[PDB]
>>> print(open('input_37.tsv').read())   # TSV, C-alpha atoms
chain	number	residue	atom	x	y	z
A	4	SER	CA	18.71	-9.94	3.12
A	5	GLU	CA	19.13	-7.23	0.51
A	6	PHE	CA	20.33	-8.82	-2.74
A	7	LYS	CA	17.66	-8.76	-5.54
A	8	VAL	CA	17.31	-8.85	-9.35
A	9	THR	CA	14.69	-8.33	-11.97
A	10	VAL	CA	14.22	-10.94	-14.71
A	11	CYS	CA	12.47	-10.21	-18.04
A	12	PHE	CA	10.41	-13.02	-19.50
A	13	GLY	CA	9.49	-11.29	-22.73
A	14	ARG	CA	7.94	-7.98	-21.69
A	15	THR	CA	6.80	-9.24	-18.28
A	16	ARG	CA	9.39	-8.53	-15.60
A	17	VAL	CA	9.85	-10.23	-12.29
A	18	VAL	CA	11.55	-9.23	-9.04
A	19	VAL	CA	13.39	-12.05	-7.34
A	20	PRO	CA	14.91	-11.79	-3.85
A	21	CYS	CA	18.34	-13.47	-3.68
A	22	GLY	CA	19.04	-12.81	0.02
A	23	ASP	CA	22.76	-13.47	0.09
A	24	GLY	CA	23.64	-12.98	-3.63
A	25	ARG	CA	25.75	-16.18	-3.24
A	26	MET	CA	23.16	-18.30	-5.13
A	27	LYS	CA	24.15	-20.05	-8.45
A	28	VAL	CA	22.63	-18.93	-11.80
A	29	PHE	CA	20.61	-22.22	-12.11
A	30	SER	CA	19.00	-21.61	-8.66
A	31	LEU	CA	18.09	-18.11	-9.74
A	32	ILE	CA	16.58	-19.45	-12.94
A	33	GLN	CA	14.07	-21.64	-11.13
A	34	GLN	CA	13.19	-18.86	-8.69
A	35	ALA	CA	12.47	-16.60	-11.60
A	36	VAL	CA	10.23	-19.15	-13.23
A	37	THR	CA	8.13	-19.79	-10.09
A	38	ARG	CA	7.26	-16.10	-9.89
A	39	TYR	CA	6.69	-15.61	-13.56
A	40	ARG	CA	4.36	-18.65	-13.39
A	41	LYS	CA	2.39	-16.83	-10.67
A	42	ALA	CA	2.29	-13.59	-12.60
A	43	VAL	CA	1.06	-14.88	-15.86
A	44	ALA	CA	-1.63	-17.61	-15.67
A	45	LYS	CA	-2.84	-20.30	-15.80
A	46	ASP	CA	-3.51	-22.95	-18.47
A	47	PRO	CA	-3.88	-26.67	-17.37
A	48	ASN	CA	-0.97	-27.97	-19.53
A	49	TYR	CA	1.33	-24.91	-19.32
A	50	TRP	CA	5.09	-25.33	-19.48
A	51	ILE	CA	8.13	-23.15	-19.49
A	52	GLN	CA	11.66	-23.95	-20.73
A	53	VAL	CA	14.48	-21.59	-19.93
A	54	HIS	CA	17.49	-21.79	-22.19
A	55	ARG	CA	19.64	-19.04	-20.75
A	56	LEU	CA	19.79	-15.82	-18.68
A	57	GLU	CA	21.54	-12.72	-20.11
A	58	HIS	CA	22.54	-9.16	-19.37
A	59	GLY	CA	20.86	-6.57	-21.54
A	60	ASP	CA	24.06	-6.99	-23.64
A	61	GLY	CA	23.23	-10.55	-24.57
A	62	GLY	CA	26.13	-11.28	-22.20
A	63	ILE	CA	25.49	-14.89	-21.25
A	64	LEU	CA	25.52	-15.98	-17.56
A	65	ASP	CA	27.04	-19.39	-16.85
A	66	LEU	CA	24.70	-21.76	-15.02
A	67	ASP	CA	27.15	-22.64	-12.30
A	68	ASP	CA	28.41	-19.14	-11.58
A	69	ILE	CA	27.61	-17.44	-8.26
A	70	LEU	CA	25.18	-14.60	-8.89
A	71	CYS	CA	26.84	-11.61	-7.24
A	72	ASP	CA	30.05	-12.44	-9.15
A	73	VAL	CA	28.26	-12.35	-12.50
A	74	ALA	CA	25.81	-9.53	-11.90
A	75	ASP	CA	25.10	-6.55	-9.63
A	76	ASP	CA	22.40	-5.89	-7.06
A	77	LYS	CA	19.22	-4.80	-8.81
A	78	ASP	CA	20.29	-5.77	-12.36
A	79	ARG	CA	17.73	-6.26	-15.14
A	80	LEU	CA	18.34	-9.69	-16.76
A	81	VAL	CA	16.59	-11.21	-19.77
A	82	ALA	CA	15.50	-14.85	-20.06
A	83	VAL	CA	15.70	-16.72	-23.39
A	84	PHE	CA	12.91	-19.29	-23.00
A	85	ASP	CA	9.93	-21.19	-24.40
A	86	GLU	CA	6.38	-21.69	-22.92
A	87	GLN	CA	2.66	-22.75	-23.24
B	5	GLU	CA	10.48	2.81	10.57
B	6	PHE	CA	10.43	1.27	7.00
B	7	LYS	CA	7.92	2.83	4.50
B	8	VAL	CA	6.89	3.03	0.84
B	9	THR	CA	4.74	5.14	-1.51
B	10	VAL	CA	2.06	3.35	-3.54
B	11	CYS	CA	0.68	4.78	-6.82
B	12	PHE	CA	-2.99	4.53	-7.58
B	13	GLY	CA	-3.05	6.42	-10.82
B	14	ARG	CA	-1.93	9.89	-9.97
B	15	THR	CA	-2.76	9.74	-6.29
B	16	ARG	CA	0.26	8.78	-4.22
B	17	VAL	CA	-0.24	7.42	-0.74
B	18	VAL	CA	2.44	6.81	1.96
B	19	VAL	CA	2.25	3.48	3.87
B	20	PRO	CA	4.32	2.64	7.02
B	21	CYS	CA	5.67	-0.90	7.26
B	22	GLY	CA	7.29	-1.32	10.67
B	23	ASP	CA	10.47	-3.17	9.65
B	24	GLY	CA	9.39	-4.16	6.09
B	25	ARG	CA	9.05	-7.84	7.04
B	26	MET	CA	5.38	-7.91	6.02
B	27	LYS	CA	4.26	-9.73	2.84
B	28	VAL	CA	3.60	-7.95	-0.48
B	29	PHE	CA	-0.08	-8.81	-0.02
B	30	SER	CA	-0.21	-7.08	3.46
B	31	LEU	CA	1.19	-4.00	1.80
B	32	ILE	CA	-1.73	-4.03	-0.64
B	33	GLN	CA	-4.32	-4.22	2.16
B	34	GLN	CA	-2.59	-1.26	3.84
B	35	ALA	CA	-2.44	0.79	0.62
B	36	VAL	CA	-5.96	0.22	-0.63
B	37	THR	CA	-7.30	1.31	2.78
B	38	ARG	CA	-5.25	4.44	2.85
B	39	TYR	CA	-6.06	5.30	-0.79
B	40	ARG	CA	-9.78	4.91	-0.10
B	41	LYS	CA	-9.51	7.53	2.65
B	42	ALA	CA	-7.37	9.95	0.57
B	43	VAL	CA	-9.89	10.15	-2.30
B	44	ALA	CA	-13.07	8.82	-0.49
B	45	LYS	CA	-14.75	7.86	-3.79
B	46	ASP	CA	-18.10	6.36	-2.63
B	47	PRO	CA	-20.03	4.31	-0.05
B	48	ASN	CA	-20.52	1.72	-2.92
B	49	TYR	CA	-17.16	2.06	-4.86
B	50	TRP	CA	-15.30	-1.29	-5.26
B	51	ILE	CA	-11.57	-1.89	-5.89
B	52	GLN	CA	-9.28	-4.68	-7.16
B	53	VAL	CA	-5.51	-4.46	-7.28
B	54	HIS	CA	-3.99	-7.02	-9.60
B	55	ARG	CA	-0.31	-6.45	-9.05
B	56	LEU	CA	2.28	-4.20	-7.46
B	57	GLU	CA	5.13	-2.88	-9.69
B	58	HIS	CA	8.35	-0.91	-9.42
B	59	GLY	CA	9.08	1.88	-11.86
B	60	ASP	CA	10.61	-0.53	-14.43
B	61	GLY	CA	7.55	-2.72	-14.37
B	62	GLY	CA	9.17	-5.24	-12.05
B	63	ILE	CA	6.42	-7.36	-10.50
B	64	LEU	CA	6.65	-7.99	-6.76
B	65	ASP	CA	5.37	-11.44	-5.75
B	66	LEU	CA	2.56	-11.40	-3.17
B	67	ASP	CA	4.13	-13.91	-0.81
B	68	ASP	CA	7.57	-12.27	-0.74
B	69	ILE	CA	8.81	-10.21	2.22
B	70	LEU	CA	8.67	-6.54	1.35
B	71	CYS	CA	12.14	-5.39	2.52
B	72	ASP	CA	13.43	-8.31	0.42
B	73	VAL	CA	11.87	-7.20	-2.82
B	74	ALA	CA	11.87	-3.43	-2.35
B	75	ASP	CA	13.92	-0.71	-0.61
B	76	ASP	CA	12.97	1.64	2.17
B	77	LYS	CA	11.30	4.71	0.73
B	78	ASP	CA	10.73	3.10	-2.72
B	79	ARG	CA	7.96	4.42	-4.96
B	80	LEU	CA	5.62	1.66	-6.24
B	81	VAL	CA	2.91	1.67	-8.89
B	82	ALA	CA	-0.34	-0.23	-8.24
B	83	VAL	CA	-2.03	-1.92	-11.20
B	84	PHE	CA	-5.68	-1.99	-10.27
B	85	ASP	CA	-9.31	-1.68	-11.32
B	86	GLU	CA	-12.05	0.71	-10.07
>>> encode(input="input_37.tsv", output="structure tokens")
Amino acid sequence: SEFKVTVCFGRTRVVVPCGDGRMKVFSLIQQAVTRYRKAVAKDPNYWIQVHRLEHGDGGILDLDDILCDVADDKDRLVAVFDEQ
Amino acid sequence: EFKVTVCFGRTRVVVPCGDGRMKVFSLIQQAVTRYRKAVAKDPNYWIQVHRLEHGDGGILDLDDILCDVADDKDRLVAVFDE
């Protein structure tokens, strides 16, 4: 479809297609990770743990909330996460 | 009639996409080719494009549909080596 967002892992930023927009925050989160994984490389025992997604505010998005209800098309969103 | 501009440094090239249903990697093939022509650097000259960004720095994944990840007439920056 049309609906899309960018997600900041640290300084690296990743565009995720959300077709609908009707996807739950937790679905989004995984989708963001997959792409980030691809963008960043590549260590044999790598791992990433996402704690939460936010607005630039620090406004915290509930995991079970529909995306288009909690954000707008083409919003920048930050991930609070760990990795390596 | 979907289309995008790709930025190779300061040179901007316009690529047609049909409907925009082509992958982000297809785009890159299209853009390299066109950019080669527009500056015609060398018979030997080699080029590698690492990633495609939006203005913000928003990476576009290679296996994603273009019209899904970008908008008609968007301006995109190529991150590349030459």
>>> interface_residues(input="input_37.tsv", of="chain B", to="chain A", cutoff="9 Å", atoms="all atoms listed in the file", output="PyMOL selection string")
chain B and resi 55+58+60-65+68-69+71-75
>>> atom_distance(input="input_37.tsv", atom1="CA of residue 29 (chain B)", atom2="CA of residue 47 (chain B)")
23.9 Å
>>> atom_distance(input="input_37.tsv", atom1="CA of residue 65 (chain A)", atom2="CA of residue 28 (chain A)")
6.7 Å
>>> atom_distance(input="input_37.tsv", atom1="CA of residue 43 (chain A)", atom2="CA of residue 81 (chain B)")
18.1 Å
>>> residues_near_point(input="input_37.tsv", point="(6.4, 3.5, -10.2)", cutoff="7 Å", atoms="all atoms listed in the file", output="PDB file with C-alpha atoms, keeping the file's coordinate frame")
ATOM      1  CA  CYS B  11       0.680   4.780  -6.820  1.00  0.00           C
ATOM      2  CA  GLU B  57       5.130  -2.880  -9.690  1.00  0.00           C
ATOM      3  CA  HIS B  58       8.350  -0.910  -9.420  1.00  0.00           C
ATOM      4  CA  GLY B  59       9.080   1.880 -11.860  1.00  0.00           C
ATOM      5  CA  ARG B  79       7.960   4.420  -4.960  1.00  0.00           C
ATOM      6  CA  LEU B  80       5.620   1.660  -6.240  1.00  0.00           C
ATOM      7  CA  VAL B  81       2.910   1.670  -8.890  1.00  0.00           C
TER       8      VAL B  81
END
